[PDB]
Amino acid sequence: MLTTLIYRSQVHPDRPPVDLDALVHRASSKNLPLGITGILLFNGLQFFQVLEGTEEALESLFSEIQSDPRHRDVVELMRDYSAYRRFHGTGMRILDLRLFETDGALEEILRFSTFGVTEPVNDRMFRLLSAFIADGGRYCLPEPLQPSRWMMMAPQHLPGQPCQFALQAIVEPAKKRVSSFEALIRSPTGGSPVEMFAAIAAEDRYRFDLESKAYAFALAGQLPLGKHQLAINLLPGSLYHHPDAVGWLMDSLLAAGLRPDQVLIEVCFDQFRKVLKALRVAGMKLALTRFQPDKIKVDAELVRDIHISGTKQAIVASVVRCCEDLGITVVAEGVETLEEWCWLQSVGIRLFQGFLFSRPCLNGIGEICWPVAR
Amino acid sequence: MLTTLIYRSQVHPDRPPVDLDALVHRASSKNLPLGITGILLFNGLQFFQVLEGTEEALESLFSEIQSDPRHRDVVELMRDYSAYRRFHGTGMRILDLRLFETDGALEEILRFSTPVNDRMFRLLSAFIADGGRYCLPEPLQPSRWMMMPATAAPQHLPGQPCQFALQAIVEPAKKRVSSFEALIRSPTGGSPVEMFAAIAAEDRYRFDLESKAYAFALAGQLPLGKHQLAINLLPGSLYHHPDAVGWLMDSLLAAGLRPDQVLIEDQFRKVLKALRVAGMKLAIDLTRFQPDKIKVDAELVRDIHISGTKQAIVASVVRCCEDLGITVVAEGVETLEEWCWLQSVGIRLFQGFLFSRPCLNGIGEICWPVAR
Ligand SMILES: Nc1nc2c(ncn2[C@@H]2O[C@@H]3COP(=O)(O)O[C@H]4[C@@H](O)[C@H](n5cnc6c(=O)[nH]c(N)nc65)O[C@@H]4COP(=O)(O)O[C@H]3[C@H]2O)c(=O)[nH]1
Ligand SMILES: Nc1nc2c(ncn2[C@@H]2O[C@@H]3COP(=O)(O)O[C@H]4[C@@H](O)[C@H](n5cnc6c(=O)[nH]c(N)nc65)O[C@@H]4COP(=O)(O)O[C@H]3[C@H]2O)c(=O)[nH]1
Ligand SMILES: Cc1cc2nc3c(=O)[nH]c(=O)nc-3n(C[C@H](O)[C@H](O)[C@H](O)COP(=O)(O)O)c2cc1C
Ligand SMILES: Cc1cc2nc3c(=O)[nH]c(=O)nc-3n(C[C@H](O)[C@H](O)[C@H](O)COP(=O)(O)O)c2cc1C
């Protein structure tokens, strides 16, 4: 089956310039008997390749390409089935973009390529080609943010309580500063939030979720929360199926020595409106045209393998800029590797949550690891 | 009930400078007895104002502010209920950001304010750091543009269980029609709702798919040429038959069209795979999967000229789709004010009554924005 694969990479600037001649001749000779067509673009620092061929042929070729020491930071942009080949003849075609002016590069690409009966701009491949020629250095990883240049650097359980809480830091590595702490519910035997709520009866869950927060607040009050925010998780029903859950939380957090604005609530268009209204007037924080939260948390699945995914990179960069304009805090969660942190920081993330920095800590403030040079 | 209203606006650069000392002193004197507080930021070209008070007091005041000829392009950024007053004992006060070094404006704020965890402060910082981002450029002012017509021949085609209206998706910069959208009509020329209501519930998926033959037939004898064509389809109409994709193929080819010319606006993945293999394009009317086109909803387009939220969402949708290589169309564009602001955030393809009204079985008349 005919498949299109599009990736982007960059060279090592510290090493001798990559031999484009030897690269292209060997590529052309190897691609032809395998039925592989396409084009390679080079701007001095970055490569950009379109590959067309069978799924079997492209999976094999890309593995060799990924593992090639001539380039690094291989970022996959597109991988889809195709109805027709855009590129014809076959040497692997190559353009050194340093030799082309404005629209001369697009003109040479369009010389031998076919993009159907409609305008080439209607083809995703052509648009991606155009974006690299126009602004390829956009998602080019900066030298200070190369992963290889970085490396990484007590309290008891309480079984007698109906529930307990583990605290995880949300950190800002650039200023080596804790931004907030999130309270995460744990069972009396140390189990996860799933295990806890499964041991509670179905008709009792909402009320348990709300009343569990008293233990999180008490934990937060006994710990040195030096003007740090505390985030707590709540089911929509826990706030809604209660006469005054906002007022309940208010009385509970104030009795523990906390302020309204110090507490953030992490979470049905109908029931949420009058609840958020009361939470806002109380002074608590919440985490687009209808309403705006104080914080948006980029999920772990967008964070996972962000260094190789041009889609995930584009989405996260789009979230950062939008939230900046709206005045909404952004936190990337589920950060497990140096690579993820580097790439998330390159697209504008400054606040992080994950096992790389700080693991959840049962009934206390855990230790934080910070990324340092070399 | 305390509320916060934040907006940005722009000066008139070719008119005598507004006496801001007079305005702010008058503002401060009027605001405080009415329980209104806040600040004004000035960067030479733009205003940024935070207003605090009751919902009723701010509505009445902001209404006077919107109709004030001393400024233009008033764009609302925030209107939300508020826990506490941030600018207590400050009716109104101006900060000229040009008289401050970096951090200086923000530090002054914090000395008469009553930080980064607050939305208002982040927005203040955003205007201080890069206020000119959504500053509407001079050649894109609504009054520097006029719509002018470029004739429509609508026809009734009897002997058909359905009809189709065609609406152009246009590219004003190249004065070019990008594609035509097929919109289903009843035999009497009634709405899509009017058409589907005549069809029995169990036959609605079969009818939706098989009605496309008449859309293909219309596009072919037009002739379509080098232009695209949505068709819209229900997901169920694609599952209804195992060779639904193969049937659409046969139908468009028999109408003299190409696969790459046709765009369609669990279970779904297998169909998506079949649509790509065949060569047809797909639109949403992201990591798993990527369409060829996304269409910005009419609600986001409505009042985008006065909504900073909608401005921000659309801009980053545009930028995201640029990086993904996805075509972006703004739908429901009714006014020049909308077109100008969509153009300023990076939209280049447009659909709406401003440009082209849907035309029963034929290519309608198109209007273009021309510079003044
Ligand atoms: N794979 C990975 N995971 C990481 C990493 N860093 C942190 N996590 C984890 O992700 C969860 C916190 O994210 P959440 O979106 O608040 O998701 C939480 C949160 O929604 C939640 N939850 C916690 N406490 C409560 C509660 O009291 N009430 C309700 N309704 N939900 C709660 O249940 C969810 C599952 O929570 P947890 O088992 O405590 O697991 C925690 C946590 O340990 C990482 O680097 N990699
Ligand atoms: N207010 C306003 N409206 C504008 C403007 N410009 C275009 N429109 C309209 O918006 C509709 C096209 O948008 P759609 O999301 O495809 O929405 C369409 C489309 O989803 C649809 N539809 C049309 N044909 C079919 C079909 O064959 N099958 C299915 N399943 N749905 C269809 O039903 C919807 C109703 O379509 P229509 O009556 O044809 O109404 C058209 C159209 O007249 C504007 O500037 N302002
Ligand atoms: C940016 C770049 C593009 C490449 N393109 C191709 C190509 O399209 N075809 C190919 O066979 N090898 C290509 N390679 C080289 C492969 O990574 C690998 O070195 C080569 O295929 C090994 O083949 P061999 O066993 O004949 O030495 C490329 C390498 C780089 C750095
Ligand atoms: C940038 C801008 C900000 C303004 N802010 C206020 C204000 O905060 N309070 C106020 O009363 N008028 C403000 N005005 C002026 C009003 O639009 C309006 O002219 C005035 O309130 C009319 O009331 P008056 O007739 O009593 O002077 C502002 C005008 C502009 C251009």
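First listed ligand is number 1; within each ligand, the first listed atom is number 1. Residue numbers begin at 1 in each chain, while the letters A, B, ... track the order of the sequences.
B:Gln163 contributes a side-chain N or O that, together with a main-chain N or O of B:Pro187, makes up a donor-acceptor pair within less than 3.5 Å. Judged by distance alone, the side chain of B:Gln155 and the main-chain N or O of B:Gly362 form no donor-acceptor pair under 3.5 Å.
Between the side chains of A:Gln46 and A:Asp73, no donor-acceptor pair is found at a separation under 3.5 Å. Side chains of B:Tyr7 and B:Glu76: a donor-acceptor N/O pair is absent below 3.5 angstrom, by distance only.
Looking at atom 13 (O) of ligand 2, its nearest protein heavy atom turns out to be B:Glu331 OE1, 3.3 Å. Of the protein's heavy atoms, B:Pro358 CG, 3.4 Å lies nearest to atom 43 (O) of ligand 2.
Note: an N/O pair closer than 3.5 Å links B:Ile184 and ligand 2 by distance alone. Inclusion of B:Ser211 in the set of residues having an N or O under 3.5 Å from an N or O of ligand 2 is not warranted.
For the atom pair A:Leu77 CG and A:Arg8 CZ, the distance stands at 4.5 Å (nearest 0.5 Å). In this structure, CD in B:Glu210 is found 5.0 Å from CH2 in B:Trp247, a value given to the nearest 0.5 Å.
Of all the heavy atoms of B:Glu64, the ones lying under 4.0 Å from any atom of ligand 4 are found in both the backbone and the side chain.
Contact analysis leaves A:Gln66 out of contact with ligand 3, as no non-hydrogen atom separation drops below 4.0 angstrom. Contact annotation: B:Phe62 has no heavy atom less than 4.0 Å from any atom of ligand 4. The closest approach between any non-hydrogen atom of A:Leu51 and ligand 3 is below 4.0 Å.
Comparing B:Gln351, B:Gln167, B:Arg185, B:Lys295 against atom 6 (N) of ligand 2, the shortest heavy-atom distance belongs to B:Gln167. Atom 29 (C) of ligand 2 has its nearest heavy-atom neighbour, among B:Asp208, B:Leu354, B:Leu209, in B:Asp208.
In this structure, atom 25 (O) of ligand 4 is not in close contact with the protein, since no protein heavy atom lies within 4.0 Å of it.
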